[PDB]
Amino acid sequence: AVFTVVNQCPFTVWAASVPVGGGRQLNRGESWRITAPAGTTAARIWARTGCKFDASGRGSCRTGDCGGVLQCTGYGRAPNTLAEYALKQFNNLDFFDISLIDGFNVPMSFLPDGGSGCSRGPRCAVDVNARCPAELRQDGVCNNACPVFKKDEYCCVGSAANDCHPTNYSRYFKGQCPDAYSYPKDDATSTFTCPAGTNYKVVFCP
């Protein structure tokens, strides 16, 4: 699949992509095109904000920082809006979603971009930071309940998935961006699928 990442935000972001791409600085209007193999799972695409790096690839970002490295080898730190995907799994379908479980930093859209008749994709284009619950505000953006409070009801990791539920905090994210995952077990309204062979578009600030 080819992923075109366009930064339309009025500020430079540092896009990141695991396990393909790594990272790259994008100014306004710049685009990046990534080619992911079919069968790539546990993949993420997000924007890092406020960064500084040296020639040796080390530095830090205010949001989304993936361990100092510019070319990220691993996931980034909350708060960051996640475009996430798994290519060509059951019945050779691709699976994708926008996740807000690790917060929000920039608005995003993850839509099909040809290669098939797939059209429907997730959008979280509102500025979730604008009306963020005070408890959750962090680094100028909105973080979510599990990164901020670190407890079972919000996080649902491992055994806690067995009773994972909406909370007042998940409901904020869900009201702002219906399409995106607002808490761990939000599968029924956030799973999108396209035929394998589809290409995709991720836009920071749709």
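Throughout, we count residues from 1 along the sequence that is shown.
Between 172-180 and 51-59, the higher mean Cα B-factor belongs to 51-59. Looking at 145-153 and 159-167 together, the entry lists the larger mean B-factor for 159-167, computed on C-alpha atoms. The residue among 35, 27, 138, 41 whose C-alpha carries the highest B-factor in the deposited model is 27. Annotation for 122, 103, 117, 76: 76 ranks highest, by Cα B-factor. Ranked by C-alpha B-factor against the other modelled residues of its chain, residue 17 falls in the lowest third.
Among all modelled residues in this chain, the alpha-carbon of residue 126 has a temperature factor (C-alpha) in the middle third. For residue 194, the recorded CA B-factor ranks within the lowest third of the chain. Only modelled residues enter the ranking. Residue 71: CA B factor in the highest third of modelled residues in this chain (values from the PDB entry).
Among the modelled residues of its chain, residue 107 has a C-alpha B-factor that falls in the lowest third according to the deposited record.
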